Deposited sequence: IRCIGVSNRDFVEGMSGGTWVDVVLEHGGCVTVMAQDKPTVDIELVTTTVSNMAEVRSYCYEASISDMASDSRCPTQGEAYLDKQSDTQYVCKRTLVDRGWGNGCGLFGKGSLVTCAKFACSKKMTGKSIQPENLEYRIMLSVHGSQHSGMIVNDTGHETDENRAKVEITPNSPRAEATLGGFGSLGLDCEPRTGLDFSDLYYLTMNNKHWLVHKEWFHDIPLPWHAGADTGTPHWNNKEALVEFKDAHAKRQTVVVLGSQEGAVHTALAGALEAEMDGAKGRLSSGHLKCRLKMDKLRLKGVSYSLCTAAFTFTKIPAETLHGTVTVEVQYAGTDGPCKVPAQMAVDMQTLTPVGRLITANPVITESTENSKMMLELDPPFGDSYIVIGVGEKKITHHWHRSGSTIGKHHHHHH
């Protein structure tokens, strides 16, 4: 029996008309929906998933360079020029150097020097955007007691009709709540790892980065973050890569929480919805059975739940099944006037075999009352006291 021990549980009641009922759904919470002559079905909102995230920025943490070259000029011979400086793929550096007779110049002065190297990224990390269009809410609806359907709901597709076997169907209409969802984070990935990071911190990472997804060939920006140019001779200059920076991010990611992405979809915890659900086509079993006639027996003694309700487990020693279960609460016991109400509304034992067990959940009135199971002389009772008031 579901939603029994959920701390964040809600009880929604049915209108006089009998179609519109409002609910509010929390992740890690439950809502019990009770309506007049209705299966009393539980809605959960178990899973929030994101998928198809558009990549915003991709940072590089391990670089390599090749075809390094330099061009020099004596003073009064103009600026140095290598074909690869206007090439966006290469990172370059231009400086003046002391030139003289010792370096092959007929003059003593500052000479132009340029040095270029082709920058390629060996391993990159990616940031992805989390927008409402990426969301996917998995909501499970279950007959409180084929009889539990799961549905998925998009913000671009708020509705879904959960189909329960003999009970008809429930119709979910929802809308995303405002303020209780994410927009200030990105889905940072890094060598098959995954994190959630404040996008504001993400825009200030001192590493090379390109602004799109992997288009044609990525144009990297801030190549000097990984490529510095060591001291410059008269005709040459040395270029060096810093190497892998994975450890620097693993240590800058101190408090970040991990996620799980077993596929292209990324699942995570929280979620908040509000839904009108239509029960016009939800029915209790279209066949009216007769009452169970044999003896019941308390296996589990009545036990109080967190919300004041009580749970009872019986085992019916009869073969009448499918028979309807006689279950009520009574304060008179001369007459069997029902008090309180059942949560497992209209309990049915479809089991045709001998010793079928069944769990019930009752909503006792305040004060004293008797849990009454069975119909005839061999029926069972159990006292129950509930405290509090209105």
Spell out the unmodelled ranges of the deposited sequence for me, N- to C-terminal, numbering from the first residue. 146-161, 407-415
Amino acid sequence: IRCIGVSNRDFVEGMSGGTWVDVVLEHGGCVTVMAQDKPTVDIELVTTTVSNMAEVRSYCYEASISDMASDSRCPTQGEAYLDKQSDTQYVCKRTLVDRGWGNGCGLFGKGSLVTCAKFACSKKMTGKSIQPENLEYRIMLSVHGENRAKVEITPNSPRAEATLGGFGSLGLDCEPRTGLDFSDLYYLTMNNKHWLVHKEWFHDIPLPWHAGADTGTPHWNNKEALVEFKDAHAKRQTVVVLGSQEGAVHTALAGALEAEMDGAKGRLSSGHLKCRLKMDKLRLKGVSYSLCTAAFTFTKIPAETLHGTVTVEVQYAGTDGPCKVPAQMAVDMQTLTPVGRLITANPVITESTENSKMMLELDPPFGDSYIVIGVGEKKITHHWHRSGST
From here on, numbers count along this sequence of modelled residues.
Decide which of the stretches 181-189 and 96-104 has the higher mean C-alpha B-factor, going by the entry. 181-189
If you take the mean CA temperature factor per stretch, which one wins between 206-214 and 234-242? 206-214
Name the residue from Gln334, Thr344, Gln328, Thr353 with the greatest C-alpha temperature factor listed in the entry. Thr353
With respect to the C-alpha temperature factors reported in the PDB entry, which of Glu79, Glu260, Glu304, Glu161 ranks highest? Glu260
Third of chain Cα B-factors occupied by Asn222: lowest
Quick tally, chain-level thirds of C-alpha B-factors: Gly17 sits in the highest
Position of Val6 among the chain's modelled residues by C-alpha B-factor, lowest, middle or highest third: lowest
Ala252 - Cα temperature factor, lowest/middle/highest third of chain: highest
Select lowest, middle or highest to describe the third in which the CA B-factor of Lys128 falls within its chain in this entry. middle
